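Reading through the C-alpha cells given below for one structure.
Please note: Cβ atoms are built from the backbone with ideal geometry, for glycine as well, and neighbour counts cover all protein chains shown. Each reported figure results from applying straightforward, stated rules to the coordinates on display, with no laboratory input.
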Ligand SMILES: CCC1=C(C)/C(=C/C2=NC(=C\c3[nH]c(/C=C4\NC(=O)[C@H](C)[C@H]4CC)c(C)c3CCC(=O)O)/C(CCC(=O)O)=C2C)NC1=O
Ligand SMILES: CCC1=C(C)/C(=C/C2=NC(=C\c3[nH]c(/C=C4\NC(=O)[C@H](C)[C@H]4CC)c(C)c3CCC(=O)O)/C(CCC(=O)O)=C2C)NC1=O
Ligand SMILES: CCC1=C(C)/C(=C/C2=NC(=C\c3[nH]c(/C=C4\NC(=O)[C@H](C)[C@H]4CC)c(C)c3CCC(=O)O)/C(CCC(=O)O)=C2C)NC1=O
Ligand SMILES: CCC1=C(C)/C(=C/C2=NC(=C\c3[nH]c(/C=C4\NC(=O)[C@H](C)[C@H]4CC)c(C)c3CCC(=O)O)/C(CCC(=O)O)=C2C)NC1=O
Ligand SMILES: CCC1=C(C)/C(=C/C2=NC(=C\c3[nH]c(/C=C4\NC(=O)[C@H](C)[C@H]4CC)c(C)c3CCC(=O)O)/C(CCC(=O)O)=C2C)NC1=O
Ligand SMILES: CCC1=C(C)/C(=C/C2=NC(=C\c3[nH]c(/C=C4\NC(=O)[C@H](C)[C@H]4CC)c(C)c3CCC(=O)O)/C(CCC(=O)O)=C2C)NC1=O
Ligand SMILES: CCC1=C(C)/C(=C/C2=NC(=C\c3[nH]c(/C=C4\NC(=O)[C@H](C)[C@H]4CC)c(C)c3CCC(=O)O)/C(CCC(=O)O)=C2C)NC1=O
Ligand SMILES: CCC1=C(C)/C(=C/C2=NC(=C\c3[nH]c(/C=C4\NC(=O)[C@H](C)[C@H]4CC)c(C)c3CCC(=O)O)/C(CCC(=O)O)=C2C)NC1=O
Ligand SMILES: CCC1=C(C)/C(=C/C2=NC(=C\c3[nH]c(/C=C4\NC(=O)[C@H](C)[C@H]4CC)c(C)c3CCC(=O)O)/C(CCC(=O)O)=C2C)NC1=O
Ligand SMILES: CCC1=C(C)/C(=C/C2=NC(=C\c3[nH]c(/C=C4\NC(=O)[C@H](C)[C@H]4CC)c(C)c3CCC(=O)O)/C(CCC(=O)O)=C2C)NC1=O
C-alpha cells in the first residue's frame, strides 16, 4: 500500500525532512 | 462510642501523639455540622410518638398476614414489643444525630442484631419497612441538611439490616 | 500522606467499612477549612523569597559565631545550603496548608530528621530560631484563621525539633 | 471435607503421628454405620422427586401469601428456583449420609448460607418448613437406624438455619 | 549489666545450657584483661578532679560564647552542673573499665541520652569536646594496654553522642 | 495513600517548587464542588446493599452458568465470596470518590487482583460485568437522591464512572 | 471512649428516653464555645515540648534529690522515663479537653497509675507536683496566645485545670 | 556462620580428615597476628560515626543530584535510610574483619542486596561509591591510631579492603 | 568505526578485507560490552565530570575567567562548560566506535577556525579536556580507565 | 503589533533562550533543580504492584478499648490470618470472639485459637504441601518470609515429632513474635523494612509471598496449593548441615 513509500525514512546521503524529534537542549542547565 | 471526636482522639492515641491540625480540622466538621444534626434530632424527638405508630402500622399493612391469629403481629404483647422496638431505633437515630456519629447505633443496635433477630424469629424486612416509612414522612418534617442527616442515619440502619 | 481525607478513609478501610456520616462530617471540616489554609498558603508562597532571607540572617544574628571562619555559617556553600533548608521547611508548610494535614511535613521533613541532623552536625536550635523568626513576620502578612493555620504548622515544626 | 475418616487423619497429622487404636476404633464406627446411612440414602434418592414437590408446596401452604403476584413464590422462575434449592438440600443430605459426616453440608450449604440468604431476601423460615415437611414424610419411608440418620442430617440443616 | 561474664551467661541461659569451653574461654579474656583495665581505672580515678576541670574549661575555650551572660555556660549553677556531668562520664568510664564491658555506660548514660539532652537544650558537641580533651591528656597518664582500654571507652562515649 | 491534593503536592515537590497558581485553582475548584462530592459518596454508602444486590440479581440473570454446579458462584460458599468481592470493590470506589484520586483503589484493591482470579479459576469477564452493573446502579443513585439541592453532578458522575471503569479494565 | 455528647446519651438511655431539652441545650452551648475549645487544645499542642521542658526545669529546681544518685530521675534512663510520663499525661489532658470529658484520661492513663508508681518506687508526690507545674504553664498558654480573637476563656481554663487536678489527685 | 578456623574445619571434614599440618600453621599465624587484628577492628568501631559521616559528606559533595528533589537521598527519610545502610555495611565489614572470613558479610548483608536496591530505584553505583569512601577512611584509621605499638598492618589493611571491595562489587 | 575504517581501505584498493582487518573487527566486537559499560559509567556521571574539569581549569588558568579572558563572566563560563559537555559526549561516541571518525567530523575538523573566530584560546580547551580525563578516569577500573584515556588524549592531541 | 511580536516570548517550538548581547530572568537555584532520573518517594513502594499498604501500623487493644476498636481488631486478625478470602459468618470462631470481648484472652491467644481452628487446617494445611504450609504460616503469624533452609527443617521436624498444635505454638511463643507484636498487636507484614538481624534476600522472598492486596492464599487456584519461594533461591542464604 504505502509500504513502498515507507522506506523513504532513510532520506538521502544526509537529508532528513525537518527537525529531529526531541532534541536535548542543555543550555538551561549549564 | 464512635463520634468524630472519639475517632480522631483514638487515632492520635494509637500513634502516641498530640492532636494536630489534621485532627482539629476534623473536629470542626463535627461542630459545624451540629446545627443541622440537632434540628433533625428535635424534629424526630417531638414527632416520635406518631412516627412510631405510623411505622408500626405500616409493618402490618405491608405484611397483612402478621395481624392474623397464630402470627407475630397478633395480641397486645407482640404489637406492644414492636412499637417499642421501632421506638428504640428512632431513639438511637436521634442519639447518633446528637453525637456526631454512628456510635450509638453501632453499640446498642447493630452489634448483635442478626443473632438476636435470628433466635427470636424477627424478620429484618419488617424493620426495613418500618424505616422506609419513617423515611417517607421525615421528608416533610425537615429539609436541607437536617433532612440529609436524618436520611444518613435511617439509611444506615436499613443497610445494617440487609 | 496524612490528610483528613486519607485519615478517615484509612479508618474505614481498616474496619472493612463504607464511609459513614462520622467520616463525611470529618471531611466537611477539611473542606470548610480550605479557604483559610489556602490564603495562608498564597501569602507564604509569594513572600517565600524574603521569609527565607529573613530567617537565614536571623540564624546568624542569634548565633553570631556561626559566620566566623572554620564555622558552619561561613562560605558560600554553607550559607547556600541553609537558605535552601529553610526554603524546604516553608515549602512543606505551604504543602501541609494546602493538603489539610501534617502529612507532607511528617513524610518529607520529620521522618528521619534527628538522625540526619546528628550525622551532619546541624543544631535544631538554628532551625527553631529560623522558624520563630518566620512566625514573627507572618504576624503581619495574615490574620484570623489563615494566621492560626500558618501558626499551627510553624509550631508543629518547632515541636518536631524539640 | 468432614468425615469420621478425615477427622481422625487430621488429628493424627496435626500431632505428627501414625494412626493408632483410638483412631482405628473411630473409623470402625463410620464403617459399621454405613449400612443404615446408605439405606437412608437410597430411600431419599429414589423419592427425591416427590419429597421436593411435597416440600415446595408446603412452603406455599404454610406461607399462602408467597404465591400472590409481586411476591417471591410467584411466576415460573421463583417456583423453579425453589424446587431446585430444596433439591440441593436433599442432595447434600444424601451425600452427608453416604460420606459419614456433615462435610458436604458444611462445605456446600452451611458455609456462606446467611450472607447469601440475606442478600437475596430469602427467609430461612421457608427452608425450615420445607425440611420439617421432608422430615414428616421420611417417617414412613424409613425406620430404625436409617431413620435416625436421615433425621440427624435434616435436623442439622434446620439448626444451621436457626 | 553488660560484661563479658553476664553476656556468656545470658547466651547459655537462653539456650538452656551449661557453660561450656566456648563460654569459659571468653571469661578468661575478661579476667586476663583486668590488669590493664584496672590500671586505667586507678589513673583515671586519682586524676578525676583535674581531668574534669580540664575538660570543663575546654568546653568554654572551644565554645567561647557559652560563658557570656544569657548563655548556658554562665553563672555558678550551669558551670557547676557541667563539671558534675563530665564527672558522671569519667565515673562510668572507670566503672566500665573495672566491669569488663560497656554495661555501666549503656545503662546509666547511653539509655535515654538524646531525649534528655534534647529536652534540656544540651548540645552533644560540648560533651564530645570534653571527651576529646580528656582523651588528649590521658595520652600521658597511661600507655600500652591501659591506654587502649581508656581510649576504647572514651571513644565509645563519643560515638554514643554522634 | 493519595488524595487529589496530595497528588498535586507530590508533582510540585518533584519540581522542587511551591504549588503553581495553575494547580492552586484546580484544587480551589475541588473545594468548590465538595458538597456535591459528599452527596455523591453518600449516595453510594446509603444504597450499598441494594447496589450490590441489584448488580448481583442481574449478573446471574445474564450468566446462569455461574449458579450451576461447575460454576464459579456455586455453592453457597462461593456465592458469598462473590457477593463479598462486589462489596469490597464498591467500597474502594467510594473511597476514591471521596479522595478525588484512584490510588487507594489501584493500590489496595486492583493491584494483583486479575492474577488472583486467574489462579482461582474465577472468570474475570464475569467479574468485570458485575462491576459494570454496580456502576449503572451506583450512578443511578448519585443522580436521583432524597431531597438534595438541584444542580449538575455530571462531572462527579463521570469521575465515579472512571473508577468503575478502571476496576473493570484492570480485572477483565 | 466518651465525649461530652456521648456522656449525655448514656445517661438518657439509662432512663429509656430521648434527650431532655435540658441536656439538648447544654450540648448546644458546647457547640457554641467550640472554636474557643479548639484554640485551647491548640494552645497545648503548639507548646507541648516547652510545657514539659519548663515544668521539668522547675520540678528539679525544687527537688534536687531526684537528680542525685539514689534519686528517681537519675541516671539518663530514668530522666527520660520521667520526661516521657510528663508528655503522656499532658497528652491525655489535651484529649480530655477536646472531648469535654475526663474519661479517656481516667481510663487510659490514670487507672492503676498510682499503684504502678508505688511498685516502682517512683515518688508520687513529686509526680503530682510535675503535673501541677504543667498545669500552670499550659493554662498560661491557653490564656495568652498568637493573634486569637479576644474573649473570655475562663470556663475552658477551669475545665482544663480540673483535668490537671484529677491527674494530680489520682497520683499523689 | 564461619570464621577463618571454622572454614578450615569444613574443608578438612569434606576430605574426612584431621586438619593438615599445612592448615594448622596457617591458623597458628592468624593467632600470631590477632592482637593487630583486634586493633584493626577497634580502629573501625572507635571511629564508626566519623567514618560514615565523612564518607557521606564526600558522597554528596560528588553527587549533588542525590540531594535534589528527584534524588535518592532526598528528603530526610531517604537520607536517614542511606546513612543507615552505610552503617549496616560498615558493621558487617568489621564483623568479617574480626572473623577472618567474609561469610557473615556475604550471607547477612550482601546476599540479595543489589536486587533490593534495583527494586527500590536506589542507584547502585552511588552506593558502591559510598562503600569505596568508607574504605578509604576506615583504612586511614586502621593505619594511624592512638598509641598502638608500631609495626606492619598492611596484611590486615589488605584483607579489610577486600571486604570493602566485595561489598562494592556485589552492589554496583 | 573500526568497521568503517577497515572497509573504506578495502573498497579503495578494490578488494575484500585482509586477515588483519578481519581480526581487528573480531577483537573489537569482543570488547563491545566492555566499551558500552565504559560509555554508560561516563554518561551516568556527566554533570559531575564537566564540573570537576571546570574547577581544575579555572585554578590552572584564572585569567580565562578574568577581565580580558574568553570565558570571563557567568554566561561566558556557562557556554565554556557546555563545550566541555560536548566533548565528553563525543568521547563516549569514540569509545563505542573504536576510532575517531565520528569525533573528528563533529568536533575537530574546523575547530581551529571556529575558535580562532571566537578568539577562544585553544590550548586552554585542551587543558579542560585533560581535566575531564582526570575526573572520568577516577570512576573507571584501571583497564577501562586506560581504554577511555586514549580517546581523551586524542582530542587533546587534535587541538594542537 | 510591536508588543505582540516584541514584548512577548511567543511560540517557537518550545523552547528558549540565553545567548548574545542576551539574557532572561526567572531566577535559579543550585540545589534546587530536581535531578533527572527524577522521581518521588513512595513511587518506590508503589511502583511495583504497590505494596503501598505495608509499611504497616499495628492495631491493638489500648487498655480501655471500645466495641468499634475491638471489631476493627477482630476484622484485622481475620484479614491477616486468612488473607483476602471471604469467611462466612457461620464459619467464624464465635467462642474465641466472645473470649476476646470479655477481655479473658489477649490478641496473641486469640491468634493462637484462630490458627488452631479446623477452618485454618482445611484452608492451608489439608490443601497445600508441608513446605508451602510453613511458608504461609511464616507469612500469616510472623509477617515475613523464612530466613534460611534450616528454619524449614526445624519446623518440618517439630511438626513430624509433636504434631500440628505444637508447630503453631512454636511461632506464637517465639521471641520474635513477643519482641515485635507483644500481647496486644495484630500480626502485620514486615518484610518491606529492613529489620535487625535480617537477611537481605527476605525482602525479595516476602515480595514473592505478597502478590498484593487483591491476592489470595486461597487454595483454589486450579493447581491449588503450591509453593512460591524457590528451594534453590531459598538455599542461597545459609545452607547448613543443621
Ligand atoms: C436497644 C435496642 C434493642 C432492640 C432493637 C431490641 C429488639 C428485640 N426485640 C425483641 C422481641 C420482639 N420483637 C418483636 C417485633 C415485632 N412484632 C410485631 O408485631 C412486629 C412484626 C415487629 C415490630 C416491627 C416481637 C413480636 C417480639 C417478641 C418476640 C418473642 O419473645 O417471641 C427482643 C427479645 C427480648 C424481648 O422479648 O423483649 C429484643 C432484644 N432489643 C433491644 O434491646
Ligand atoms: C526535604 C527536606 C530536607 C531537609 C530539611 C534537608 C536538610 C539537610 N541539610 C543538609 C546539610 C546542611 N545544612 C546546613 C544548614 C545550615 N548552615 C548554615 O549556614 C546555617 C547554620 C544552617 C541553616 C539554618 C549546612 C551548612 C549543611 C552542609 C552540611 C555538610 O555537608 O557539612 C543535608 C545533607 C545533604 C546536603 O549536604 O545537602 C540535609 C539532608 N534535606 C532535605 O532533603
Ligand atoms: C449448593 C447449595 C446452594 C443453595 C442452597 C443455593 C441457594 C440460592 N437460592 C438462590 C435464589 C432463589 N431462591 C429462591 C427460593 C424460593 N423461592 C420460592 O418460591 C420459595 C419461597 C423458595 C424455596 C423454598 C428464589 C425465589 C430465588 C431467586 C432470588 C432472586 O434472584 O431474586 C440463589 C441466588 C442465585 C440464583 O438466583 O440462583 C442461591 C445461591 N445456591 C446454592 O448453590
Ligand atoms: C547518670 C548520668 C547522668 C548524666 C550524664 C546527666 C546529664 C544531665 N544534665 C542535666 C542538666 C545540665 N547540664 C548542663 C551542662 C553544661 N553546662 C555548661 O556550662 C556546659 C556547657 C555543660 C557541661 C559540658 C547544664 C547547664 C544543665 C542545666 C540545664 C537546665 O536545667 O537548664 C540534667 C537535668 C537535671 C538537672 O538539671 O540536673 C541531666 C539529667 N544526668 C545524669 O543522671
Ligand atoms: C455530612 C456530610 C455532608 C454532605 C453530604 C453535605 C451536602 C451538601 N450538599 C450541598 C449542595 C448540593 N448538593 C448537590 C448534589 C446534587 N445535585 C443534584 O441535582 C444531584 C442529584 C446531586 C449530585 C451529587 C447540589 C446540586 C447542591 C447545590 C450546589 C452546591 O452547593 O454546590 C450543600 C450546600 C447547602 C445546600 O445547598 O443544600 C451541603 C452542605 N454537606 C456535608 O457536610
Ligand atoms: C483548626 C481548628 C480550628 C481552630 C483552632 C479554630 C479557631 C477559631 N477561634 C475562633 C474564635 C475565638 N477564639 C477565642 C479564644 C480565645 N480568646 C481569648 O482571649 C483567649 C486567649 C483564647 C481562649 C482559648 C475567642 C475569644 C474567639 C471569639 C469568640 C468565638 O468565636 O467564640 C473562631 C471564630 C472566628 C474568629 O472570631 O476568629 C475560629 C474559627 N477554628 C478551627 O476550625
Ligand atoms: C541486612 C542488612 C540490611 C541492608 C544492607 C538493608 C538495605 C535496605 N536499604 C533500604 C532502603 C534505602 N537505602 C537507601 C540508600 C541510599 N540511597 C542513596 O541514594 C545512596 C546511594 C544510598 C546510601 C549510601 C535509601 C535512600 C533507601 C530508601 C528507599 C526508599 O524508600 O525510597 C531497604 C528497604 C527497607 C527500608 O527502607 O528500611 C533495605 C532492606 N536492609 C537491611 O536489613
Ligand atoms: C581489648 C581487645 C584487645 C586489643 C585491641 C589488644 C591489642 C594489642 N595490640 C598489641 C600489639 C600491636 N598492635 C599493633 C597494631 C598496629 N601497629 C601499627 O603500626 C598500626 C598503626 C596498627 C595496625 C592494626 C602492632 C604493630 C603491635 C605490636 C606487634 C604485635 O604484638 O603483634 C598487643 C601486644 C602488646 C603490645 O605490644 O602493646 C595487644 C594486647 N589486645 C586486646 O586484648
Ligand atoms: C483487597 C480487597 C480484596 C479483594 C478484591 C479480594 C478478592 C478475592 N476473591 C477471592 C475469592 C472469590 N471471589 C469470587 C468472586 C466471584 N465469583 C464469580 O463467579 C463472580 C464472577 C465473582 C463475583 C462477582 C469467588 C467465587 C471466590 C472463591 C473462589 C474459590 O474459593 O473457589 C479471594 C481468595 C480468598 C477468599 O476466598 O477469601 C480473594 C483474595 N480479596 C481481597 O482482600
Ligand atoms: C510435609 C511433610 C514433610 C516432608 C516430606 C519434608 C521434607 C524435608 N526434608 C528436609 C531435609 C532433609 N531430608 C533429608 C533426607 C535424605 N537424605 C538422604 O541422603 C536420603 C536420600 C534422604 C533420606 C531417605 C536430609 C539429609 C535433609 C537435610 C538436608 C540438609 O540440611 O543438608 C527439609 C528441610 C527442612 C529440614 O531439614 O527440617 C524438608 C522440608 N518436610 C516436611 O515437612
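Counting only other chains, and only Cβ atoms inside 10 Å, what mean value do you get across the residues of E:149-159?
Whole-number average of other-chain Cβ neighbours for E:149-159 is 3.
Could you work out the helix-only [θ] at 222 nm for the protein assembly as shown, with each DSSP H run of four or more residues adding -39,500 (n - 2.57) and the total divided by the number of residues, to the nearest 500 deg cm²/dmol?
-21000 deg cm²/dmol
Taking chain H as a Gaussian network, Cα atoms linked when under 10 Å apart, which of H:122, H:45, H:28 shows the biggest mean-square fluctuation?
Judging by the Gaussian network model, the answer is H:28.
Mind pulling the angle between the C-alpha long axis of helix J:107-116 and the longest principal axis of chain J? Nearest 10 degrees, somewhere in 0 to 90.
So the inclination is approximately 70 degrees.
Under 1.5 on a/c is rounded, so check that first for chain F, then, if it is not, pick prolate when a/b is larger than b/c and oblate when it is not; a ≥ b ≥ c are the square roots of the alpha carbon gyration tensor eigenvalues. Intermediate values should be presented prior to the final figure.
On the way: a/c = 3.25, a/b = 1.62, b/c = 2.00.
Here chain F falls in the oblate category.
Quick one: go through the stretch B:1-36 and flag any residue whose amide nitrogen is under 16 Å from the point 7 Å out along the Cα-to-Cβ line of residue J:79.
B:11
Report the calculated FRET efficiency for residue D:145 and residue D:98 (r = Cβ-Cβ distance, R0 = 22 Å), to the nearest 0.05.
The computed FRET efficiency comes out at 0.90.
Quick one: angle between helix C:124-137 and the longest Cα principal axis of chain C, in degrees between 0 and 90, rounded to 10, please.
It is inclined by approximately 70 degrees.
From the label point of residue B:68, set 7 Å from Cα along Cα→Cβ, how far away are the matching label points in the other copies, in nm, ordered shortest to longest?
Relative to the other copies, residue B:68 has label-point distances of 0.9, 10.0, 10.3 nm.
For G:48-57, what's the mean count of beta carbons from other chains sitting within 10 Å of each residue's beta carbon?
3
Looking only at other chains, what is the average number of their beta-carbon atoms within 10 angstrom of each beta-carbon in J:46-56?
Numbers: counts 6, 3, 3, 6, 7, 3, 8, 7, 0, 0, 0.
The per-residue average across the peptide is 4.
Have a look at B:85, B:13, B:107 and tell me which one the Gaussian network model of chain B (Cα, springs below 10 Å) gives the largest fluctuation.
Of the options given, B:13 has the highest mean-square fluctuation.
Ordered shortest first, which distances in nm separate the 7 Å Cα→C-beta label point of residue F:151 from those of the other copies?
Ordered by distance, the counterparts are at 2.8, 8.5 nm.
For the rotation bringing B onto E, which B residue has its Cβ nearest the axis, and at how many Å?
Result for the axis mapping B onto E: B:14, 19.
If you rank H:90, J:119 by fewest surrounding Cβ atoms within 10 Å, what's the result?
J:119, H:90
Once you put a point 7 Å from the Cα of residue I:37 and another 7 Å from the Cα of residue J:193, both along the Cβ direction, what distance in nm separates them?
3.8
Can you tell me the FRET efficiency between residue G:155 and residue C:57 if r is taken as the Cβ-Cβ distance and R0 is 41 Å, rounded to the nearest 0.05?
The formula returns an efficiency of 0.40 here.
Enter the angle in degrees (range 0 to 90, nearest 10) between the Cα long axis of helix I:46-60 and the first principal axis of the Cα atoms of chain I, meaning the one along which they spread out most.
Between helix and principal axis, roughly 50 degrees.
Please compute the modelled spin-label separation between residue E:10 and residue C:10, points set 7 Å along Cα→Cβ, answer in nm with one decimal.
Result: 3.4 nm between the two label points.
Distance between the C-alpha centers of the stretch I:54-116 and the stretch C:100-125? Whole Å please.
That distance is 42 Å.
Between B:111, B:27, B:48, which gets the highest mean-square fluctuation from a Gaussian network model of chain B, Cα cutoff 10 Å?
Maximum among the listed residues: B:111.
Between residue D:17 and residue J:98, what's the calculated FRET efficiency when r is the beta-carbon distance and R0 is 35 Å? Round to 0.05. Please report the intermediate quantities before stating the final value.
Numbers: r = 31 Å, r/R0 = 0.89.
Between residue D:17 and residue J:98 the formula returns 0.65.
Distance in nm between label sites at residue J:56 and residue I:75, each 7 Å beyond Cα in the beta-carbon direction?
Taking the two extended label points, one gets 5.7 nm.
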